[PDB]
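Read off the chains here:
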Amino acid sequence: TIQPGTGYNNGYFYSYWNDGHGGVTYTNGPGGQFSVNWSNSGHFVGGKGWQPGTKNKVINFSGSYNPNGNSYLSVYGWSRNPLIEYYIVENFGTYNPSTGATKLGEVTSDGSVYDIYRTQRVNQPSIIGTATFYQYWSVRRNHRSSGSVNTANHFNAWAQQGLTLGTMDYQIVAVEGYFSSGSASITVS
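Residues numbered from 1 in each chain as written, not as in the entry; some residues may be left out. Heavy atoms only, no water.

Listed as the method for this PDB entry is X-ray crystallography; the listed resolution is 1.1000 Å.

Written out as structure tokens, the structure is:
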């Protein structure tokens, strides 16, 4: 496993964060590859991509994703000004992260309809410190662990619906887990 933090590996930005509970390892592999193995973890997020992201990136991902419990596989990132945490969720485990959330539309992209949602985090950690901020979600109806994500289709649909993004910060393909178990091996480009 690697030390939690951010950096570059084989031409890709990476971020690996966890809450210190234990039970998760993250490794960077060749090119855009990373692996995550977890067993009765706490909360963590790890993956590879870009710093900064862009608003018209086509992101390719390939591999295996085998959660047992609460986890997501997403294009994940942030903007600043406004501060937004966003997800284009391609697959998940026992919990659909939009459960109970306000639906803000639909968008069709890359072979599936996605449902769009907005949620709010109140006084929570963020890339700029503790803050209250919105999260934007596109949740894929047809789950998969490989594919291509045309981010513009999402960002444009979000904007159409009044979900504005600021200046991009990082943008990765991430495996997130919340007190669960699993394995994943994903290659980004």
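1. Points about unusual backbone geometry
Residue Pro52 follows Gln51 across a cis peptide bond; omega there is 0 degrees. Residue placement: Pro52 occurs in the loop between β5 (43-50) and β6 (58-68). Residues other than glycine seldom take positive phi values, yet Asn10 does so here, at roughly 55 degrees. Positionally, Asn10 belongs in the loop between β1 (5-9) and β2 (12-18). Notably, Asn81 is not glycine yet its phi reads approximately 55 degrees, a positive angle. If you trace the backbone, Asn81 turns up in the loop between β7 (71-80) and β8 (84-92). (Helix = DSSP H or I, 4+ residues; strand = E, 2+ residues; numbered from the N terminus.)

2. Examining the pairing of β2
Of all seven residues making up β2, five are buried, and the element is well covered by its neighbours. The pairing of β1 with β2 spans five bridges and is antiparallel. In the sheet register, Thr6 faces β2, and the bridge partner there is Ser15. Where β2 and β5 come together, six bridges link them in antiparallel fashion. By the bridge assignment for β5, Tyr14 is matched with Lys48. (Buried < 20%, exposed > 50% of the residue type's maximum accessible area, 1.4 Å probe, protein only. Pairing = 2+ DSSP bridges.)

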